[PDB]
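**Student:** Here's a structure for you.
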Amino acid sequence: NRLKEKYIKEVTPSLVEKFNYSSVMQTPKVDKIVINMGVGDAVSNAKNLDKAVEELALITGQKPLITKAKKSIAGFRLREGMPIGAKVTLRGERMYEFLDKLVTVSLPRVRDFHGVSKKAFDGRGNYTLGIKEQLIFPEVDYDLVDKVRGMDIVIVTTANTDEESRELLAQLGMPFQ
Amino acid sequence: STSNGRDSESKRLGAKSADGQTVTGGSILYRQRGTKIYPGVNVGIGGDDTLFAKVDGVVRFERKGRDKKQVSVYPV
Amino acid sequence: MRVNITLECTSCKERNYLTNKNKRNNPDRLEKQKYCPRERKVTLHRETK
Amino acid sequence: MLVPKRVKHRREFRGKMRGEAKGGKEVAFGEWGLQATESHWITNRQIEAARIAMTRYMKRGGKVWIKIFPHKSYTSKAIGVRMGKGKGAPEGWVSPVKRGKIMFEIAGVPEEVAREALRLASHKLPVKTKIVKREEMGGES
Amino acid sequence: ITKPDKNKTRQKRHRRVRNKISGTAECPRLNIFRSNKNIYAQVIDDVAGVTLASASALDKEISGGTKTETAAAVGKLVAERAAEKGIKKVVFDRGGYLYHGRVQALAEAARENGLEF
RNA sequence: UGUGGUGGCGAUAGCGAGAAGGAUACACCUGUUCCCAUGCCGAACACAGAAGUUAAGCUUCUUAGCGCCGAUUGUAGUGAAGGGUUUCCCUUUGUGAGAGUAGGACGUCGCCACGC
RNA sequence: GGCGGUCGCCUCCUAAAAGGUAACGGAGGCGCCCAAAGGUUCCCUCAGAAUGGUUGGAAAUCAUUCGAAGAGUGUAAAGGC
RNA sequence: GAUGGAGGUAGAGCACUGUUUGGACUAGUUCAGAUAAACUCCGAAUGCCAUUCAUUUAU
Ligand SMILES: [Zn+2]
């Protein structure tokens with residue numbers, strides 16, 4: 001779609017030269033994108049995962065999973081298997097459209113332009129964004145929203161050393177500092 | 001004035017036929033809890049892990065790889 | 001809550017089996033396809049009211 | 001008195017010492033040792049009495065290693081009570097010591113202070129003893 | 001990330017198929033290999049540890065299609081060739097695959113041309 | 001011979017470090033029309049393929065750092081037969097460890113297919 | 001002797017490397033539960049730790065890398081997996 | 001007497017669970033040293049079960 005051209009036409013020559021890759025298999029990629037919502041409020045009101053899921057599906061053409069307890073802790077009134085949050089996974093074209101709407105439309109709606117921190121790379125080459133609310137997107141609306149909540153993002157790639165992903169990630173967008 | 005004092009009946013577990021002994025079909029070879037010993041050629045397992053012959057032959061206790069044991073029965 | 005029970009055949013009316021159930025878990029009557037020895041056949045047996 | 005935190009069993013058997021030490025028969029951390037030549041039980045109070053006597057004599061400190069720990073409990077019944085019902089209540093702690101075991105170690109102090117201190121510790125104890133030094137290996141400083 | 005190889009994940013299922021299936025000389029073992037461009041087949045007895053017949057996908061002379069149709073030819077070939085060696089009573093080891101796709105094609109062709117399963 | 005497959009034998013067969021290789025084969029890789037699939041996702045499993053590449057798996061070769069297999073002689077115990085106080089200790093005769101070591105070891109045996 | 005406790009059944013130690021073995025010896029459980037928590041066919045692999053991530057904190061839920069078992073097994077403990 | 005076997009005791013060991021002493025360290029793992037009846041990576045002497053076996057003997 002939009003970036004396969006961009007890879008095979010701007011970036012793969014760059015990255016293949018910057019680290020002197022003897023093969024093109026060696027060039028990193030983007031494998032997944034996984035979205036998280038930590039609700040933690042089906043504890044009280046059962047009608048909270050519902051809105052979380054409505055918003056996340058307004059984003060992407062995909063009904064999200066439902067993550068449950070996985071154990072029972074009394075600090076949060078948790079039994080086992082109390083459905084807590086929802087998640088989504090994105091392959092192929094769902095990833096490039098979503099990255100494009102992240103870099104070119106949605107993200108800059110956030111003010112105080114701190115972009116993306118750099119203590120955010122796991123030490124192995126995958127990256128995780130951060131979002132506080134939901135209003136940052138053109139798929140969301142004004143009134144329908146009722147809570148200030150936002151979503152976690154993780155972008156996983158095939159890279160050994162962090163800096164390789166640093167470049168392969170800035171080169172496609174994601175306006176770092 | 002003690003609160004101990006109770007036990008259960010002994011169960012007579014162990015080996016009921018020897019290595020190198022000839023045996024007729026159906027005879028018990030070993031009573032156990034769980035598989036301490038495993039079943040081999042021409043031997044079955046019961047409902048509570050007892051091992052029995054299926055065929056008449058001689059009994060041979062062997063070694064199952066590195067850390068397990070086997071019983072087999074071999075007809076003449 | 002657990003109660004012993006009898007399942008009765010539905011064509012020849014012979015009580016062929018004895019079994020269990022929990023009657024706050026299963027409120028209605030059990031129903032199984034069991035071999036009926038009088039007719040030498042598999043038949044719908046049902047629990048005696 | 002030394003006491004084990006958190007035992008797993010409240011009572012246990014006693015026997016059967018049958019002397020010969022299984023473990024530390026050489027000096028490990030100090031320069032001088034106190035080795036038992038008979039086999040006996042040694043209690044909390046005997047160890048503390050010996051330790052206090054040994055440390056008081058060494059003005060300017062030095063260092064002292066106690067190498068014997070009471071793991072095993074006692075029990076006992078009371079006067080005026082007939083034989084019969086279950087074990088008594090636990091009263092005490094002990095360690096069994098077999099002949100050969102080194103029990104204390106001292107360093108940082110010349111011979112005579114160390115020898116006098118080990119002499120004063122042994123009169124507090126129910127065993128016969130010797131005094132030993134680190135003798136000869138690949139390296140003994 | 002580390003994608004695992006598929007061949008080890010199917011060795012791990014093959015070793016559990018084989019706790020039941022095994023082949024003697026009255027009832028040899030019809031095995032199957034399925035690679036990215038072929039499928040193979042051997043007829044194996046295990047007390048002696050040997051092969052009695054075989055047929056391979058695109059090694060010898062099969063072609064006339066390159067859909068699943070390559071498999072049915074191999075099934076028919078091992079059927080004929082094993083009936084040449086006095087063999088009718090084999091047992092089928094799937095490998096670790098499903099009895100579903102182009103392994104089912106080979107198996108079916110085996111059952112039409114001489115081998116009772 | 002080389003490679004693919006499928007088997008026996010207690011890892012002496014394993015782990016980690018290092019190199020090399022694409023002849024066929026093995027793989028990664030490319031797609032979702034059709035058989036089938038995701039408690040979301042063609043990721044997997046299923047199928048259609050053959051642009052691209054030896055980077056990763058795979059194969060071969062070097063390495064005794066980690067595991068594994070370890071003798072010999074000395075002890076500890078203990079069958080029989082005897083002696084002191086009998087808590088415990090000792091002497092004859094037979095058996096003999098666990099530790100700790102000298103050494104071994106980077107597999108060995110077999111069937112099928114194709115290529116040289 | 002009385003008062004106190006105990007009286008059937010299961011698991012461990014005592015128990016002396018087959019089986020068996022006392023004491024008002026040392027420790028615990030049972031008098032049920034499950035219509036699936038039974039049968040069978042396919043498929044799967046755990047507990048933790050470290051790193052990042054908005055609410056969210058040590059610890060709910062996401063991603064990666066180490067991880068032979070340090071988990072689970074309706075219910076006591078042993079033997080098994 | 002010879003040959004095969006089942007089994008965890010006397011040792012002694014710290015891989016697993018309890019109990020425990022010194023030292024280095026750091027997050028803000030390590031080096032040594034002990035110990036056990038209900039601990040075990042290990043493991044005897046003897047006893048026990050067998051055998052178309054052998055030599056004496058009489059059950
Ligand atoms: Zn009827």
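We label chains A, B, ... in the order they appear in the structure tokens, count residues from 1 in each chain, and number ligands from 1 in the order shown.
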Which neighbours of residue E:1 fall inside 10 Å, counting only C-alpha atoms (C1' of nucleotides), when residues of the same chain fewer than 3 positions from it are skipped, and could you give them as a list in words?

**Tutor:**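 Close residues of residue E:1: residues 31, 124, 125, 126, 156, 157, 158, 159 and 160 of chain A; 4 of chain E; 63, 64 and 65 of chain G.
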
**Student:** Go ahead and dump the residues you just picked, C-alpha atoms (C1' of nucleotides), as a PDB file, in the first residue's frame.

**Tutor:**
ATOM      1  CA  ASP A  31       5.827  -7.595  12.386  1.00  0.00           C
ATOM      2  CA  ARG A 124      15.809  -5.400  22.256  1.00  0.00           C
ATOM      3  CA  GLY A 125      14.351  -3.294  19.456  1.00  0.00           C
ATOM      4  CA  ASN A 126      10.596  -3.155  19.967  1.00  0.00           C
ATOM      5  CA  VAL A 156       7.083  -5.096  17.531  1.00  0.00           C
ATOM      6  CA  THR A 157       9.884  -5.482  14.956  1.00  0.00           C
ATOM      7  CA  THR A 158      12.612  -7.907  13.906  1.00  0.00           C
ATOM      8  CA  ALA A 159      15.696  -5.960  15.011  1.00  0.00           C
ATOM      9  CA  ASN A 160      18.608  -6.933  17.252  1.00  0.00           C
TER      10      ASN A 160
ATOM     11  CA  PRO E   4      10.114 -21.496  15.353  1.00  0.00           C
TER      12      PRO E   4
ATOM     13  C1'   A G  63       5.331  -6.949  24.129  1.00  0.00           C
ATOM     14  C1'   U G  64      10.205  -9.393  24.196  1.00  0.00           C
ATOM     15  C1'   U G  65      14.134 -12.292  26.330  1.00  0.00           C
TER      16        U G  65
END

**Student:** Could you give me, as a PyMOL selection string, every polymer residue with an atom at most 9 Å away from an atom of ligand 1, counting only C-alpha atoms (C1' of nucleotides) and all ligand atoms?

**Tutor:** chain C and resi 8-16+35-45

**Student:** So which residues touch residue F:87 within 10 Å, counting only C-alpha atoms (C1' of nucleotides), skipping near sequence neighbours fewer than 3 positions away, as number ranges by chain?

**Tutor:** D: 16-18, 40

**Student:** Could you dump the residues just selected with N, CA and C atoms as a PDB file, in the first residue's frame?

**Tutor:**
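And here's part35.pdb as it stands now:
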ATOM      1  N   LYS D  16      21.826 -41.414  68.117  1.00  0.00           N
ATOM      2  CA  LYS D  16      22.552 -42.475  68.817  1.00  0.00           C
ATOM      3  C   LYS D  16      24.069 -42.274  68.756  1.00  0.00           C
ATOM      4  N   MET D  17      24.603 -41.164  69.274  1.00  0.00           N
ATOM      5  CA  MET D  17      25.810 -40.495  68.776  1.00  0.00           C
ATOM      6  C   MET D  17      26.874 -41.358  68.104  1.00  0.00           C
ATOM      7  N   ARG D  18      27.451 -42.351  68.774  1.00  0.00           N
ATOM      8  CA  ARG D  18      28.376 -43.296  68.136  1.00  0.00           C
ATOM      9  C   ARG D  18      29.526 -42.571  67.430  1.00  0.00           C
ATOM     10  N   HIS D  40      29.540 -36.143  73.443  1.00  0.00           N
ATOM     11  CA  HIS D  40      28.590 -35.738  74.470  1.00  0.00           C
ATOM     12  C   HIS D  40      27.614 -34.758  73.839  1.00  0.00           C
TER      13      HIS D  40
END

**Student:** Have a look at atom CA of residue B:10 and atom CA of residue B:33 and let me know their distance in Å, one decimal.

**Tutor:**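 Here the two named atoms are 13.3 Å from each other.
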
**Student:** Could you work out which residues of chain G fall inside 10 Å of chain A? Count only C-alpha atoms (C1' of nucleotides), and format the result as an MDAnalysis selection string.

**Tutor:** chainID G and resid 51:56 59:65

**Student:** Would you give me, as a VMD selection string, the residues of chain G that come within 8 Å of chain D, using only C-alpha atoms (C1' of nucleotides)?

**Tutor:** chain G and resid 24 to 26

**Student:** With 6 Å as the cut-off and only C-alpha atoms (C1' of nucleotides) counted, what is the closest atom pair between each nearby residue of chain A and chain F? Distances in Å to one decimal, ordered by chain and number, as a Markdown table.

**Tutor:**
| residue | atom | partner | partner_atom | distance |
| --- | --- | --- | --- | --- |
| A:25 | CA | F:55 | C1' | 5.5 |
| A:26 | CA | F:55 | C1' | 5.0 |
| A:63 | CA | F:40 | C1' | 5.9 |
| A:64 | CA | F:40 | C1' | 4.9 |
| A:65 | CA | F:40 | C1' | 5.2 |
| A:88 | CA | F:40 | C1' | 5.7 |
| A:89 | CA | F:41 | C1' | 5.6 |

**Student:** Go ahead and write the residues just picked, N, CA and C atoms, as an mmCIF file, in the first residue's frame.

**Tutor:**
data_model
loop_
_atom_site.group_PDB
_atom_site.id
_atom_site.type_symbol
_atom_site.label_atom_id
_atom_site.label_comp_id
_atom_site.auth_asym_id
_atom_site.auth_seq_id
_atom_site.Cartn_x
_atom_site.Cartn_y
_atom_site.Cartn_z
ATOM 1 N N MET A 25 17.409 -9.925 3.331
ATOM 2 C CA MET A 25 16.731 -10.545 4.459
ATOM 3 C C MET A 25 17.121 -9.866 5.764
ATOM 4 N N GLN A 26 18.369 -9.410 5.862
ATOM 5 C CA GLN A 26 18.898 -8.831 7.088
ATOM 6 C C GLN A 26 18.177 -7.560 7.510
ATOM 7 N N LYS A 63 -13.400 -6.596 15.888
ATOM 8 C CA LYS A 63 -13.889 -6.697 17.259
ATOM 9 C C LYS A 63 -12.775 -7.211 18.159
ATOM 10 N N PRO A 64 -12.465 -6.520 19.246
ATOM 11 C CA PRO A 64 -11.297 -6.879 20.043
ATOM 12 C C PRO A 64 -11.554 -8.089 20.917
ATOM 13 N N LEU A 65 -10.458 -8.666 21.387
ATOM 14 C CA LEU A 65 -10.538 -9.743 22.351
ATOM 15 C C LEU A 65 -11.008 -9.202 23.693
ATOM 16 N N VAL A 88 -6.245 -5.823 20.802
ATOM 17 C CA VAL A 88 -6.362 -5.945 19.356
ATOM 18 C C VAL A 88 -4.973 -6.248 18.820
ATOM 19 N N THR A 89 -4.908 -7.016 17.729
ATOM 20 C CA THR A 89 -3.658 -7.252 17.023
ATOM 21 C C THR A 89 -3.844 -6.880 15.565
#

**Student:** Just list as an MDAnalysis selection string whatever in chain D DSSP marks as strand (DSSP E or B).

**Tutor:** chainID D and resid 32:36 40:43 63:66 72:73 76 89 93:97 102:107 129:133

**Student:** Any idea what's packed within 12 Å of residue G:66, counting only C-alpha atoms (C1' of nucleotides), ignoring anything in its chain fewer than 4 positions away? Could you give it as a list in words?

**Tutor:** residues 48, 49 and 50 of chain G

**Student:** Write a file of the just-selected residues containing C-alpha atoms (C1' of nucleotides), as a PDB file, in the first residue's frame.

**Tutor:**
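And here's result.pdb as it stands now:
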ATOM      1  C1'   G G  48       8.494 -16.740  38.289  1.00  0.00           C
ATOM      2  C1'   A G  49      12.403 -12.536  36.914  1.00  0.00           C
ATOM      3  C1'   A G  50      14.234  -8.546  34.027  1.00  0.00           C
TER       4        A G  50
END

**Student:** Would you please work out which residue, of G:27, G:58, G:68, G:36, is nearest to chain B when using only C-alpha atoms (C1' of nucleotides)?

**Tutor:**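 Using only C-alpha atoms (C1' of nucleotides), the shortest distance to chain B belongs to G:27.
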
**Student:** Quick one: residues within 10 Å of stretch 48-58 of chain H, only C-alpha atoms (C1' of nucleotides) counted, chain neighbours fewer than 5 positions away excluded, as a list in words?

**Tutor:**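 Residues meeting the cut-off are residues 15, 16, 17, 18, 19, 20, 21 and 22 of chain B; 18 and 19 of chain G; 1, 2, 3, 4, 5, 6 and 7 of chain H.
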
**Student:** Could you name the residues that touch residue E:113 at 7 Å or less, counting only C-alpha atoms (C1' of nucleotides), but leaving out those on the same chain fewer than 6 positions away, as a VMD selection string?

**Tutor:** chain E and resid 76 79 to 80

**Student:** Env of residue E:74: 7 Å cut, atoms = only C-alpha atoms (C1' of nucleotides), seq-sep filter 6 positions within chain, self excluded. Answer as a list in words.

**Tutor:**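 Everything that qualifies: residues 55, 56, 57 and 106 of chain E.
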
**Student:** Show me, as CSV, the residues of chain B having an atom within 7 Å of chain G, each with the closest atom pair and its distance in Å, using only C-alpha atoms (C1' of nucleotides).

**Tutor:**
residue,atom,partner,partner_atom,distance
B:1,CA,G:5,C1',5.8
B:2,CA,G:24,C1',6.9
B:8,CA,G:10,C1',6.1
B:12,CA,G:19,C1',6.3
B:33,CA,G:79,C1',5.2
B:34,CA,G:80,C1',4.3
B:35,CA,G:80,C1',5.9

**Student:** Do you have the atom CA of residue C:1-atom CA of residue C:22 distance handy?

**Tutor:**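 These atoms are spaced 5.4 Å apart.
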
**Student:** Find the distance between atom CA of residue E:62 and atom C1' of residue F:45 and write it in Å to one decimal.

**Tutor:**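 Computed distance, atom CA of residue E:62 to atom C1' of residue F:45, equals 27.6 Å.
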
**Student:** Going by DSSP on the backbone, which residues of stretch 29-129 of chain D come out as helix (DSSP H, G or I)? List them as a ChimeraX atom specification.

**Tutor:** /D:44-56,111-122
